[PDB]
Amino acid sequence: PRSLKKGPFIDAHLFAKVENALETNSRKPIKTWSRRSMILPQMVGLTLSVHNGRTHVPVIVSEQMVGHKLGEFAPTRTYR
Amino acid sequence: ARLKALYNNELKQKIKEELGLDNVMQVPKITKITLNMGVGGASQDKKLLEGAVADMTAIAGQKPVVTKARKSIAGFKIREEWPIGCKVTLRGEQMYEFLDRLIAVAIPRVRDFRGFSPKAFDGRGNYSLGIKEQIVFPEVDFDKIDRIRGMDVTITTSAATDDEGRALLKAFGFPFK
Amino acid sequence: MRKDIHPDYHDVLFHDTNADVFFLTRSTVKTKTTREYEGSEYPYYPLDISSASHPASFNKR
Amino acid sequence: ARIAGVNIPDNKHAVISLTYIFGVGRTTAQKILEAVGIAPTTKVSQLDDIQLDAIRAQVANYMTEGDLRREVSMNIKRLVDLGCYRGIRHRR
RNA sequence: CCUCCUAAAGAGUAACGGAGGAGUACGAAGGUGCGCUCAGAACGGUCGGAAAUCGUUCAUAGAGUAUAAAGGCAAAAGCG
RNA sequence: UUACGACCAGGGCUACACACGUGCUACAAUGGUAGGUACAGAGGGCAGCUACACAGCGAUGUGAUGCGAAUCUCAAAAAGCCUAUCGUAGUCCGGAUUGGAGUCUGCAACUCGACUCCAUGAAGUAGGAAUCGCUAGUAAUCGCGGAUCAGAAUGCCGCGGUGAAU
């Protein structure tokens, strides 16, 4: 996972996109490639478009998805 | 039976006041309690039925009766008049004692018991519950046991309505919800 | 009740020792010991449980 | 004996018999016996009723099978219904 | 040899006419006294479901009647 | 030859109806577990190893000391021996898989890290046809180092312990 002493990890470039989205209270899906950023309750409610290697699949963030990484809901491989 | 002597003094009038009934013959009462055991896998071994009858005898305190197949069904590999279950019916003192024992001692011994469904009445005040393991009754001992069996406990009451049946059951202290 | 076809049915003193509550009730059980209630000495049966004893994260870290 | 709603073996030692409870391993059983005050080398069969109920009260803290299975199944459900990667492998 | 139809509302009535059965069974499946009521559907209920056993409510018979069919069958001729 | 060359982010090389090749861990009593009590070699250490003290169940964290090392350290060797217990059970065997909570390394551990703790406890009770290595400090078994390496060995390369049968 990570170390609690280090603190939550969120990419600065996406954190800026949510500080320019929760003040505005827009519903525009923020298009992002950083799957390595953990969903915090700060942007709970809005929509992101996470790159899964091929496309920017939409992930509407919910209340019980905080603490997870953005990539957990953007599978990259297709079984069948 | 202490539960009969308690229902004849407190529970009857409490049920009347609760349901708002204008006649003492309207308040529900339990008429009988029937314990059943489908041993459909019998008539191939006929020792499972022996153990089921012994378990019913010890649980109820009353010699049960072997129930035969009313029809012939190939899917269950049963032919007419084949012993495929066990049943006992308790009335009056025996049923009041059994239900007191079941509510006090045995019903907390059900593994992972949160409650009993309140929508399990058939729609005429009678209740039915399933016991998945017959070891919750202290009468049967864990040392000597054939296997783990189950049992139906059907509580047939004089209530004509769903709500009256559950009010009567809850007046006894039945664990609901 | 037909005669001598039913099992022995005698009063038993069940006792929830956690809350220390007694339940006097006829039963088919044959207890090893016998403890006296306010009346006679009934076959005593201890009980582990009875009807008297049975019953964001991101911000924190 | 009968602890936590299950029939733990009687001829075993206490610290081994208590592991038969779904939710109690061997270190949790050791910690339970430390608090209760019974030697882990004593058979469950020769255990007094007062200390049997003390062990029951001590067990009532840890999330045993009745609550544990519910909580674990709902934990798995929280991922299965969420559609995340871990849940997508959980369902298959 | 038996049952239905042909067969024309008494009986009977033919065809290489249209359809099916019999050449047994049972010492109880006979006699009597006593007692009972079926099939299905819905609802509730451990394994247990479409359907086993249990409980409830509808239910002149939609069952059963050793067997083919017809006619009968509650005083049951059905079931103990 | 404004691309089959070049740069960057994300993903993949880690997917699994399956099959095979090399292994590791087991299926236990010649053993598991809990206490004590011994006996090595070789190699590494500033791109670091850490005495000791404290905190923590633990991985580890903080302070601090010695050492470019025959000086200080990794580091305790394990199998072994004594006592207790388990008493043949899918178990006090086995430790996969899963749930939860953490520690480190690293910009970053979702895809896709390694360890720690608690819970779970899967197959597995000796393996068909077939087939492999080994002639002595060998096989068998037991631990310990190193290269690569920020982190990531059950592989590779070595070291010693016990130690056969024919």
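Worth knowing before you read on, the calculation uses all heavy atoms, side chains too, and leaves out hydrogens, waters and symmetry mates. Every chain is numbered from 1 and lettered A, B, ... according to where its sequence line falls, protein lines coming before strand lines.
Pairing for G49(E) is absent, with no Watson-Crick or G-U wobble pair whose two atom distances lie under 3.5 Å. With a 3.5 Å ceiling on both atom-pair distances, the Watson-Crick or G-U wobble partner of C54(F) is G61(F).
Taking 90° from 0 as the syn/anti boundary, the base of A77(F) is oriented anti. Classified by its glycosidic torsion, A17(F) falls in the syn category, the angle being within 90° of 0. In this entry the base of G64(E) is anti relative to its sugar, with a glycosidic angle more than 90° from 0.
Across all strands, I10(A) comes closer than 4.0 Å to no nucleic acid atom at all (heavy-atom distances). Note on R147(B): nothing from the nucleic acid sits closer than 4.0 angstrom, heavy atoms only. Looking at heavy-atom distances under 4.0 Å, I148(B) makes no contact with the nucleic acid at all. When heavy atoms are screened at a 4.0 angstrom cut-off, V15(D) is found touching no nucleic acid atom at all. Using a 4.0 Å heavy-atom cutoff across all strands shown, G130(B) reaches sugar-phosphate atoms only and no base atom. Residue contacts shown for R54(A) are absent, as no nucleic acid heavy atom lies under 4.0 Å away. Within 4.0 Å (heavy atoms only), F22(D) reaches sugar-phosphate atoms of the nucleic acid but no base atom. Here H68(A) lies out of heavy-atom contact (under 4.0 Å) with every strand.
Of the candidate nucleotides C93(F), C112(F), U46(E), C93(F) has the atom nearest to the side chain of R26(D). The listed nucleotides are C86(F), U56(E), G100(F); the one nearest the side chain of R78(D) is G100(F). Of the candidates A52(E), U103(F), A108(F), the closest approach to any side-chain atom of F9(A) belongs to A108(F).
Residue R70(D) contributes atom CZ, which lies 17 Å from atom P of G100(F) at whole-angstrom precision. Atom pair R77(A):CZ and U111(F):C1' shows a separation of 6 Å (rounding to whole Å applied).
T76(A) and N52(A) are not linked by any side-chain donor-acceptor pair at a separation below 3.5 angstrom, with hydrogens and angles left out of the test.
Salt-bridge annotation for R78(D) and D81(D): absent, with no side-chain N of the basic residue lying under 4.0 Å from a carboxylate O of the acidic one.
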Would you please test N126(B) and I155(B) for side-chain contact (heavy atoms from CB on, under 4.5 Å) and show each step? CA-CA 6 Å; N126(B) 331 308; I155(B) 299 159; over 6 Å; no
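Under a 3.5 Å limit on both donor-acceptor distances, the bases of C156(F) and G146(F) meet the Watson-Crick or G-U wobble criterion.
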